[PDB]
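Going by the deposited numbering, the letters in the first sequence line up with residues 1 to 36, 74 to 87, 137 to 282, 291 to 324, 345 to 377, 401 to 440, in that order.
Yeah, the Cβ is synthetic: ideal placement off N, Cα and C, and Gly gets one too.
Quick notes on the structure that follows.
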Amino acid sequence: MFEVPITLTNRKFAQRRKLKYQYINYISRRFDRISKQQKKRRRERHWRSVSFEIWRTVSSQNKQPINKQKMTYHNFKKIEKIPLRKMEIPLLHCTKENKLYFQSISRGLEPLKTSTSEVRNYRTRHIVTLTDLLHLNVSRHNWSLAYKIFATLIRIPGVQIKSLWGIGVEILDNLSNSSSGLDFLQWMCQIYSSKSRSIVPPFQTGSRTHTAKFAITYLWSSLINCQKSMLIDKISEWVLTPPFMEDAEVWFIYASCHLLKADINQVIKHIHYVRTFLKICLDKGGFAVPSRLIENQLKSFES
DNA sequence: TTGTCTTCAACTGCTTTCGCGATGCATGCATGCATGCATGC
Numbered sequence: 001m002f003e004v005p006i007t008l009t010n011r012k013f014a015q016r017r018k019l020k021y022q023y024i025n026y027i028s029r030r031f032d033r034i035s036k074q075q076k077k078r079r080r081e082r083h084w085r086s087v137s138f139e140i141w142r143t144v145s146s147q148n149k150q151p152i153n154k155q156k157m158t159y160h161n162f163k164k165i166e167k168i169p170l171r172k173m174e175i176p177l178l179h180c181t182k183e184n185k186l187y188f189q190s191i192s193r194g195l196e197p198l199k200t201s202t203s204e205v206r207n208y209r210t211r212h213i214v215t216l217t218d219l220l221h222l223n224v225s226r227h228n229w230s231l232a233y234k235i236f237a238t239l240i241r242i243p244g245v246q247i248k249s250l251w252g253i254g255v256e257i258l259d260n261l262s263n264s265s266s267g268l269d270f271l272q273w274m275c276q277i278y279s280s281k282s291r292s293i294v295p296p297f298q299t300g301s302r303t304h305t306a307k308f309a310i311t312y313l314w315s316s317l318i319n320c321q322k323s324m345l346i347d348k349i350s351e352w353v354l355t356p357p358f359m360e361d362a363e364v365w366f367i368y369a370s371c372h373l374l375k376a377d401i402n403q404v405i406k407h408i409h410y411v412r413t414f415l416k417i418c419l420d421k422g423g424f425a426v427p428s429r430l431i432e433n434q435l436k437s438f439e440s
């Protein structure tokens with residue numbers, strides 16, 4: 001009853017997405033008309086926008151104005167009537183289950199089986215139980231079992247590493263026996279930071303644009319390994355090998371490295410330093426409500 | 001107008017004997033991830 005961490009499937013689901021986005025396109029085409074293939078799905082899904139430290143959202147103010155009824159019954163069924171037929175052609179080539187699937191999604195029903203629910207089979211149902219027991223044991227603070235789970239999981243030739251916070255917290259409350267925590271974190275980062291589609295990202299990703307998980311997690315957690323102090347110039351040397359260098363938040367990680375080094402003219406240059414990266418992190422992002430707090434601290438330093 | 005030595009000044013050649021010693025721009029294969037197509041049961 002939880003998301004699976006393996007690449008969803010082969011099967012039907014492609015032909016279903018076919019039917020879906022093909023029909024979508026026929027209706028939206030005739031709709032702009034009246035208002036006046075993996076690739077068809079691709080263009081289709083394509084032309085569309087793809137007191138505390140909140141990445142504040144973009145709120146409503148310069149946005150738009152009001153609309154007034156577009157769509158009576160007699161006029162919707164206009165736009166519906168033709169594309170449904172063109173659909174009657176390749177519907178003739180997809181399978182019965184997907185005839186009825188398209189039929190119902192087109193009546194506006196919504197399925198009550200899931201892609202997981204219907205992908206039957208010895209092996210996957212076993213993985214499903216394995217991963218469940220993982221997520222359960224981790225909820226239970228049963229770090230030992232949990233760990234056993236995780237290990238037998240990743241042993242299996244199907245699981246992609248989308249279960250890393252799995253370890254990153256698991257191996258984290260497991261001081262016991264294994265290289266851990268930062269080990270995993272900076273490992274993830276080093277491996278998946280270069281070149282060396292669906293079924294993806296925010297908490298996994300590749301290069302050229304940003305990479306939540308591994309990056310920021312080791313990138314603060316090492317600074318927490320320096321709250322273990324009271345290391346830094348290392349974290350800021352290899353933090354100081356950008357660029358993605360639009361990673362503004364990592365600009366704030368850098369400025370944090372300088373406020374922690376600051377804790401004689403050396404300490405000056407470290408406070409000068411943090412003063413610089415805070416605004417080069419006015420790049421944009423959006424942190425630290427008043428930087429005048431950071432700066433009141435920097436004046437407690439200036440003493 | 002015209003003779004010509006007059007003058008300055010545009011071209012132009014060499015230099016002690018031996019060994020150790022190309023740049024840019026278009027074409028296409030390369031890599032990787034995702035749909036399609038062919039073999040088999």
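Query                                                                                                                        : Result
Could you compute how far the alpha carbon of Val87 sits from the alpha carbon of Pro295?                                    : 12 Å
Could you check the C-alpha separation between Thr217 and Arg211 for me, to the nearest Å?                                   : 10 Å
Helix, strand or coil: how does DSSP classify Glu3 here?                                                                     : coil
If you measure between the beta carbons of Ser201 and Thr7, is that distance less than 8 Å?                                  : no
Taking the alpha helix (DSSP H) that residue 283 falls in, what are its first and last residues?                             : One cannot assign coordinates to residue 283, given that the chain in this structure leaps from 282 to 291.
Please name the residue in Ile346, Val353, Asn228, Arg193 whose C-alpha comes closest to that of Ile257.                     : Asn228
Pull up the distance between the alpha-carbon of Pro427 and that of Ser440, whole angstroms please.                          : 20 Å
For my contact list, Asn260 and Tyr233 are in at a C-beta cut-off of 8 Å; report their separation, rounded to the angstrom.  : 6 Å
Could you spell out where the alpha helix (DSSP H) holding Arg17 opens and where it closes?                                  : 13-35
How about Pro151 and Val245: do their beta carbons lie closer than 8 Å?                                                      : no
Going by CA-CA distance only, name the one from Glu204, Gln189, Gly267 that's closest to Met1.                               : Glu204
Roughly how many whole angstroms lie between the Cα atoms of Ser35 and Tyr187?                                               : 29 Å
Helix, strand or coil for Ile417 per DSSP?                                                                                   : helix
Taking the CB atoms as reference points, tell me whether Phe31 and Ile168 lie closer together than 8 Å.                      : no
Which residue wins for smallest C-alpha separation from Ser264, given the options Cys275, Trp251, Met274, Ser230?            : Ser230
Tell me the DSSP secondary structure of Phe366 in three-state form.                                                          : helix
Just checking, does the segment 300-318 make contact with the segment 247-256 on the three C-beta pairs under 8 Å criterion? : yes
Between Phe424 and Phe366, is the Cβ-Cβ spacing less than 8 Å?                                                               : yes
I need the boundaries of the alpha helix (DSSP H) containing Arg241, first residue and last residue.                         : 229-241
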